[PDB]
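Just below is one structure, and these are the notes that go with it.
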Amino acid sequence: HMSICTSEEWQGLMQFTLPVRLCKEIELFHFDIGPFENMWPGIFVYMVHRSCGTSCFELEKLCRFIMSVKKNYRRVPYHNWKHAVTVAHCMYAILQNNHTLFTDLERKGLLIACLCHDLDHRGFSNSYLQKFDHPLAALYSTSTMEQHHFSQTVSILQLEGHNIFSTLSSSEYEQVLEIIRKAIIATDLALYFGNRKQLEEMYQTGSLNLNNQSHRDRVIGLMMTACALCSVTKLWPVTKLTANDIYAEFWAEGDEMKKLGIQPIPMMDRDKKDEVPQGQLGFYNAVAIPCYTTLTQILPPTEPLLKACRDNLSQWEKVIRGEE
Ligand SMILES: Nc1ncnc2c1ncn2[C@@H]1O[C@@H]2COP(=O)(O)O[C@H]2[C@H]1O
Ligand SMILES: [Mg+2]
């Protein structure tokens, strides 16, 4: 059912070595993978090797897994292969800066979860799928696309020579699949609001306990949100270019809605592009800023993400003022 990489693809990835200059730059939170397209698969291998060890996964299986995942991301403007590696890199930076706070199993599970969090995304939102009673919406009632992403991830692991997790004990195998399932589902932004509220209460009252599994799950959920939204933590030019991709995809969804007799919300209406700056301002105030603020309280080393987010919020305000 899943698309499979060619022998040339996975065998070639096995020979990749990250350039020395990038080895330094990749550790920074603001790192933009954008100008290194041919290196994206290799960049992911590198991050897994540094965070989990060069022998954590059998190289051949890891390369097949990565290239088949790439092949199963579609040609959509935003939720594509580039996005997958970008989100995985943000997780890499978070994990690197909070290394011993997370178990070996959690680090490997989370890096894989990020690479696969939007696997086989079709360019359509959950709102579209549920508003048009799409098959996927009947099965996966809530977090529709996210449940599909997890199912597709398991499907790729089931491909011959692709199960990088088979060497784990039966207990840890089940454990990592659960970590991955919860992490991918957490990228359904609808769940973010309640999760952040709960974490803020736990933090403020002092009940937050990282040794409490239910609490760990929530912190990991917030981390996934922070990574999924990380385009807002890059340098302004990069943030602005990515925003163009985000809207390109949403406008295409809006176009399809119009064709079917349903008017899209302003955000997905390309004829309302002038409202984008205010739309982003609202998003930063309602989602981004609160997200990174809570993340930084829980994990101090992630402060750079919050600083960058605040900087971009100021940039959007500048646009609104006419200082673009
Ligand atoms: N700059 C942004 N980056 C990411 N998501 C955004 C942004 N602005 C608005 N959003 C909304 O937040 C959602 C985050 O997850 P999605 O990418 O599924 O869909 C995104 C949009 O609905
Ligand atoms: Mg998604």
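Ligands are numbered from 1 in the order shown, residues from 1 within each chain, and chains are lettered A, B, ... in the order they appear in the structure tokens.
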Residues within 7 Å of ligand 1, counting only C-alpha atoms and all ligand atoms, as a list in words: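 I would give the residues around ligand 1 as residues 79, 125, 187, 188, 189, 228, 229, 231, 232, 243, 246, 280 and 283 of chain A.
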Selection as number ranges by chain: residues within 12 Å of ligand 2 by only C-alpha atoms and all ligand atoms: A: 73, 78-80, 83-84, 87, 113-126, 143-150, 183-191, 224-225, 227-229, 246
Nearest residue to residue A:5 from the set A:240, A:74, A:64, A:216 (distances using only C-alpha atoms): A:64
Residue A:251 surroundings by only C-alpha atoms, 9 Å radius, close-in-sequence under 6 positions cut, as a PyMOL selection string: chain A and resi 264+267-271
Near-residue A:321 list (12 Å; only C-alpha atoms; drop same-chain fewer than 5 positions) as a list in words: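 The neighbour list is residues 277, 278, 314, 315 and 316 of chain A.
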Could you take the residues named above and write them with N, CA, C and O atoms, as a PDB file, in the first residue's frame?
ATOM      1  N   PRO A 277      -1.620  39.510   7.310  1.00  0.00           N
ATOM      2  CA  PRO A 277      -0.848  40.057   8.433  1.00  0.00           C
ATOM      3  C   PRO A 277      -1.607  40.017   9.762  1.00  0.00           C
ATOM      4  O   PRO A 277      -1.054  39.629  10.796  1.00  0.00           O
ATOM      5  N   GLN A 278      -2.874  40.414   9.733  1.00  0.00           N
ATOM      6  CA  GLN A 278      -3.695  40.393  10.938  1.00  0.00           C
ATOM      7  C   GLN A 278      -3.942  38.949  11.356  1.00  0.00           C
ATOM      8  O   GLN A 278      -4.060  38.646  12.545  1.00  0.00           O
ATOM      9  N   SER A 314       6.809  40.948  16.295  1.00  0.00           N
ATOM     10  CA  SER A 314       7.097  42.359  16.077  1.00  0.00           C
ATOM     11  C   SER A 314       7.162  42.660  14.581  1.00  0.00           C
ATOM     12  O   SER A 314       6.740  43.728  14.133  1.00  0.00           O
ATOM     13  N   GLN A 315       7.689  41.718  13.803  1.00  0.00           N
ATOM     14  CA  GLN A 315       7.785  41.908  12.359  1.00  0.00           C
ATOM     15  C   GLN A 315       6.413  41.974  11.707  1.00  0.00           C
ATOM     16  O   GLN A 315       6.190  42.772  10.799  1.00  0.00           O
ATOM     17  N   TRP A 316       5.488  41.140  12.167  1.00  0.00           N
ATOM     18  CA  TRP A 316       4.143  41.158  11.606  1.00  0.00           C
ATOM     19  C   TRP A 316       3.451  42.470  11.959  1.00  0.00           C
ATOM     20  O   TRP A 316       2.677  42.998  11.165  1.00  0.00           O
TER      21      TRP A 316
END
For the interface of stretch 5-101 of chain A with stretch 154-168 of chain A (cut-off 10 Å, counting only C-alpha atoms), please tabulate each contacting residue of stretch 5-101 of chain A alongside its nearest pair of atoms and their separation in Å to one decimal, rows sorted by chain and increasing number, as CSV.
residue,atom,partner,partner_atom,distance
A:56,CA,A:164,CA,8.9
A:57,CA,A:164,CA,5.8
A:58,CA,A:164,CA,6.8
A:59,CA,A:164,CA,8.8
A:60,CA,A:161,CA,7.9
A:61,CA,A:162,CA,4.9
A:62,CA,A:164,CA,5.9
A:63,CA,A:162,CA,8.3
A:64,CA,A:162,CA,5.8
A:65,CA,A:162,CA,5.0
A:66,CA,A:162,CA,8.8
A:67,CA,A:162,CA,10.0
A:68,CA,A:156,CA,7.3
A:69,CA,A:156,CA,7.2
A:72,CA,A:156,CA,9.1
Can you spit out the residues from that selection as a CSV table (one decimal), in the first residue's frame, using N, CA and C atoms?
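again_33.csv was written with the following content:
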chain,number,residue,atom,x,y,z
A,56,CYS,N,22.5,2.9,16.8
A,56,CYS,CA,21.1,2.7,17.4
A,56,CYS,C,20.3,1.9,16.4
A,57,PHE,N,20.3,2.3,15.1
A,57,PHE,CA,19.5,1.6,14.1
A,57,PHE,C,20.5,1.0,13.1
A,58,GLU,N,20.1,-0.1,12.5
A,58,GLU,CA,20.9,-0.7,11.4
A,58,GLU,C,20.8,0.3,10.3
A,59,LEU,N,22.0,0.7,9.8
A,59,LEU,CA,22.1,1.7,8.8
A,59,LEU,C,21.2,1.5,7.5
A,60,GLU,N,21.2,0.3,7.0
A,60,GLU,CA,20.5,-0.1,5.8
A,60,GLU,C,19.0,0.1,6.0
A,61,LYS,N,18.4,-0.4,7.1
A,61,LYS,CA,17.0,-0.2,7.4
A,61,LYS,C,16.7,1.2,7.6
A,62,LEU,N,17.5,2.0,8.3
A,62,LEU,CA,17.3,3.4,8.6
A,62,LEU,C,17.2,4.2,7.3
A,63,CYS,N,18.1,3.9,6.3
A,63,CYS,CA,18.1,4.6,5.0
A,63,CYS,C,16.8,4.2,4.2
A,64,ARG,N,16.4,2.9,4.2
A,64,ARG,CA,15.3,2.5,3.5
A,64,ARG,C,14.1,3.3,4.1
A,65,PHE,N,14.0,3.2,5.4
A,65,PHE,CA,12.9,3.9,6.1
A,65,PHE,C,12.8,5.3,5.7
A,66,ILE,N,13.9,6.1,5.8
A,66,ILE,CA,13.9,7.5,5.5
A,66,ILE,C,13.5,7.8,4.1
A,67,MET,N,14.1,7.1,3.1
A,67,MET,CA,13.8,7.4,1.7
A,67,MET,C,12.3,6.9,1.3
A,68,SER,N,11.8,5.9,2.0
A,68,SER,CA,10.4,5.5,1.7
A,68,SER,C,9.5,6.6,2.3
A,69,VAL,N,9.8,7.1,3.5
A,69,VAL,CA,9.0,8.1,4.1
A,69,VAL,C,9.0,9.3,3.2
A,72,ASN,N,6.6,9.0,0.4
A,72,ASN,CA,5.2,9.0,0.8
A,72,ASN,C,4.7,10.3,1.3
